[PDB]
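> Protein sequences appear in the order of chains B and A. Numbering (the deposited numbering) for the first sequence: 19 to 166, 183 to 293, 303 to 322. Numbering (the deposited numbering) for the second sequence: 20 to 166, 182 to 294, 303 to 322. Note that the Cβ used here is the ideal one computed from N, Cα and C, for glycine as well.
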Amino acid sequence: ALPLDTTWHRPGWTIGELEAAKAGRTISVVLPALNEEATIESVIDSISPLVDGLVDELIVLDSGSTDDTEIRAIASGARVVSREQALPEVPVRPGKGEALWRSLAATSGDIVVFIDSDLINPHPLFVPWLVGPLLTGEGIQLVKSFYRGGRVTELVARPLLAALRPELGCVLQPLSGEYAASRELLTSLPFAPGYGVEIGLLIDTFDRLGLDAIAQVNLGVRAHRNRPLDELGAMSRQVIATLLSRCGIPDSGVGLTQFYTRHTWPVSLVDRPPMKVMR
Amino acid sequence: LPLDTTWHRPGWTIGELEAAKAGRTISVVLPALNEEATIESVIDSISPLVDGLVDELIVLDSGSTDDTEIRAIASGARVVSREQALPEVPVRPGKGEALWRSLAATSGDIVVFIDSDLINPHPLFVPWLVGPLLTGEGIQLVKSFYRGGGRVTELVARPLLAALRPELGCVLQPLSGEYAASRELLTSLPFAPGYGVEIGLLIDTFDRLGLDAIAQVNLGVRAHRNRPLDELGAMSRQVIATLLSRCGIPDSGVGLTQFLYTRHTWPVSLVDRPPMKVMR
């Protein structure tokens, strides 16, 4: 009923069937983490039984955590890669997008899966449900997830998409941190800084390959640490900055100011280049 | 701040303000669509100013189907429907439409707008707003700020303004439903449809008169009917549409679609009403 390949109910494929359809292709799973000690262990544990089987590689991309994120991740048997270790030749910039970009240099899988580490009790079939359309179907190179309340999603991302890219209006969770894509697509696209990375990869994939290369899959219900409104303001600002860039609209580059005292949050207009150029 | 900003409770008294009017009249307009639960409290906070500082107080009924009108009448307020405000012109849906038509239903040199979904508003709202207009000079538009917490404001309006109109970054509540302005300014500006009217009047006033003509005043704390996220999504879409329009950016005109799992599409409008002057 939608111009977008959409799996509404729990996918039929089994872990056995999916591993067969791989056909020589490898699968890397990346968990981006910045101070996520309370939830990181549950996330890793839900994925690690797939290692050496369906999943060939599982790493945690530590974005400079100061809490017990690393030591707990190690204690769960996961390989922990810092931003520095992922790409030592290049100095580190702040932001989520930076970590996700660098993670491409720390993995070698033909298919890369991204899962947020702030998930509260994630289902162990998340990764299989994501690589589904990539392994079975053809033409698909990007699989987004949807669930369930996403204030930035429902008030900023989706209304802005409706205004400037109405073709992507059928995407339920454009800012979803849970998605999978081929290395071919990811290393060919630029990576938006900060929280712009999700909405940036979506629009850029659409512009390059059209809706036919994009699929979305239901993962049920999601629970995560709900953030204070001020953090969401900065997050929203970066989403707007990235989205405007992809639509040929000049952004002021001026960070969002909040007041009763004044503080200004950083915003970045600088994308990282496609990972291919770092060959 | 480069914007005339009153941070603490204004010093003026009802007596002083009423004096500084100098022949000028003041109209207060309450736009209302199904607000029976809160309309009475709002009117009551203003009605003691009637025949004094406030010369005119009307409720602009935007087609309410509940007991909004009868409760408003029982509170001594004049109730004007969209049809009655301007009978020559057929009625369009939306808040902006009502606010536009209200200019034809009032005769004050200064027009004050107050949302009727306020939960127990302070009775000094109207005096605190007409302050900079009556005493100071150069000011023709006074916005309010206060204290959820303005989810559409903090996630959509203010970040979008920072991106496309950073000069207006000093406005704390650009989507504030509580503001006052001169009839000259209001009748000279176009009116954005739906919930776009607030952000539209701000940017249009800025473009025409600059920051010097705009002031903002602290009103303390505000409480109003908290709406479901789906309504705010549609609200955000209209705010975006209006804001993009004022920045020379083509809007798709496609309404926001939501999947709650069935599909429903909310209306969006790119059609402004012309300045009220053209209806002279």
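Report the option in A:111, A:143, A:211, A:29 whose CA atom is closest to the CA atom of residue 68 (chain A).
Cα-wise, what sits closest to residue 68 (chain A) is A:143.
> What are the complete alpha helix (DSSP H) segments, minimum 4 residues, inside the segment 215-264 of chain A?
Runs found: 217-220, 231-243.
> Comparing the C-beta of residue 210 (chain A) with each C-beta of chain B, is any distance below 7 Å?
So, not an interface residue.
> At the level of alpha carbons, what is the spacing between residue 78 (chain A) and residue 133 (chain A)?
Their backbone Cα atoms lie some 10 Å apart in a straight line.
> For the segment 20-50 of chain B, enumerate the residues whose C-beta is nearer than 8 Å to any C-beta of chain A, in chain order.
Within the segment 20-50 of chain B, the residues whose Cβ lies closer than 8 Å to some Cβ of chain A are 26, listed in chain order.
> Tell me, please, whether the CB atom of residue 274 (chain B) is closer than 7 Å to any CB atom in chain A?
Yes, residue 274 (chain B) lies at the interface with chain A (some Cβ there is under 7 Å from its Cβ).
> Would residue 170 (chain A) pass as a contact of residue 234 (chain A) if the rule is Cβ separation under 7 Å?
Since the model of chain A includes 166 and then 182 but nothing between them, residue 170 (chain A) has no atomic positions to report.
> Can the beta-carbon of residue 74 (chain B) be found less than 7 Å from the beta-carbon of residue 45 (chain B)?
Yes, Cβ-Cβ distance for residue 74 (chain B) and residue 45 (chain B) is below 7 Å.
> Using the beta-carbon of each residue, which ones in chain A are nearer than 9 Å to residue 267 (chain B)?
Ordered by position in chain A, the residues that pass the 9 Å Cβ test against residue 267 (chain B) are 188, 189, 192, 193.
> Which class does residue 207 (chain A) belong to by DSSP, given the choice of helix, strand or coil?
Here residue 207 (chain A) sits in coil by DSSP.
> Looking only at DSSP bridge pairs, what is residue 97 (chain A) linked to?
Answer is A:77.
> Of all Cβ atoms in chain A, is any one closer than 7 Å to the Cβ of residue 87 (chain B)?
Not closer than 7 Å to any Cβ of chain A, the Cβ of residue 87 (chain B) fails to qualify, so no.
> Compute the beta-carbon to beta-carbon distance between residue 83 (chain A) and residue 49 (chain A), rounded to the nearest angstrom, for a pair I have assumed lies under 8 Å.
12 Å between Cβ atoms; not a contact.
> I'd like to know whether the C-beta of residue 106 (chain B) is nearer than 7 Å to at least one C-beta of chain A.
No, because no Cβ of chain A sits closer than 7 Å to the Cβ of residue 106 (chain B).
> Would you kindly check if the distance between the Cβ of residue 148 (chain B) and the Cβ of residue 61 (chain B) is under 7 Å?
Result no, Cβ atoms of residue 61 (chain B) and residue 148 (chain B) do not sit closer than 7 Å.
> Between residue 84 (chain B) and chain A, is there a C-beta pair that is closer than 7 Å?
With 7 Å as the cut-off, residue 84 (chain B) does not count as an interface residue toward chain A.
> Along the chain, where does the beta strand (DSSP E) that runs through residue 23 (chain A) open and close?
Counting along the chain, the beta strand (DSSP E) containing residue 23 (chain A) begins and ends at 23-25.
> Would you check if the distance between the CB atom of residue 47 (chain B) and the CB atom of residue 145 (chain B) is smaller than 7 Å?
Yes, these two residues count as a Cβ contact at 7 Å.
> Using 10 angstroms around the beta-carbon of residue 85 (chain A), count the other beta-carbons present and answer buried if the total reaches 16, otherwise exposed.
Classification of residue 85 (chain A): exposed, given that the 10 Å Cβ count is below 16.
> Leaving out five residues on either side along the sequence, give the residues of the same chain with a beta carbon under 6 Å from the beta carbon of residue 270 (chain B).
Cβ within range, chain order: 186, 190.
> What are the uninterrupted segments assigned as beta strand (DSSP E) that are 3 or more residues long and contained completely in the segment 28-73 of chain A, given in chain order?
If we require 3 residues or more, the beta strand (DSSP E) runs fully inside the segment 28-73 of chain A come out as 45-51.
> Say whether chain A places a C-beta atom closer than 7 Å to the C-beta of residue 135 (chain B).
No, residue 135 (chain B) does not count as interfacial toward chain A.
> Closer than 7 Å, CB to CB, is residue 236 (chain A) near chain B or not?
It does not: the Cβ of residue 236 (chain A) has no partner Cβ on chain B nearer than 7 Å.
> Determine, using beta carbons only, whether residue 76 (chain B) comes closer than 7 Å to chain A.
Answer no: the Cβ-Cβ gap between residue 76 (chain B) and chain A never drops below 7 Å.
> Residue 322 (chain B) versus chain A: which residues are under 9 Å apart at the beta carbon?
In chain order: nothing, as chain A lies at least about 34 Å away.
> Where does residue 192 (chain B) fall in DSSP's three states?
Three-state DSSP puts residue 192 (chain B) in a helix.
> Output the boundary residues of the alpha helix (DSSP H) element that contains residue 89 (chain B).
Looking at the DSSP string, the run of the alpha helix (DSSP H) that includes residue 89 (chain B) is 87-92.
> By the 10 Å Cβ neighbour count, where 16 or more other Cβ atoms means buried, how is residue 114 (chain B) classified, buried or exposed?
Buried is the call here.
> In whole angstroms, what is the alpha-carbon distance linking residue 42 (chain A) and residue 222 (chain A)?
Straight-line Cα distance between these residues: approximately 22 Å.
> Looking only at C-alpha atoms, which of A:308, A:92, A:224, A:268 sits nearest to residue 315 (chain A)?
Here the closest residue by C-alpha is A:224.
> State the DSSP-derived secondary structure class of residue 164 (chain B), mapped to helix, strand or coil.
Three-state result, residue 164 (chain B): strand.
> Going along chain B in order, which residues have a C-beta closer than 8 Å to the C-beta of residue 230 (chain A)?
The premise fails here: residue 230 (chain A) is roughly 12 Å from chain B at the closest Cβ pair, so nothing lies under 8 Å.
> At least one CB of chain B closer than 7 Å to the CB of residue 286 (chain A): is that the case?
Yes - at least one Cβ of chain B is within 7 Å of the one on residue 286 (chain A).
> Looking only at DSSP bridge pairs, what is residue 306 (chain A) linked to?
Note: residue 306 (chain A) sits in a beta bridge opposite A:292.
> Is the distance from the Cβ of residue 31 (chain B) to the Cβ of residue 155 (chain B) below 7 Å?
Going by C-beta atoms, residue 31 (chain B) is not nearer than 7 Å to residue 155 (chain B).
> Can you tell me which of the three DSSP states residue 312 (chain A) falls into?
Here residue 312 (chain A) sits in coil by DSSP.
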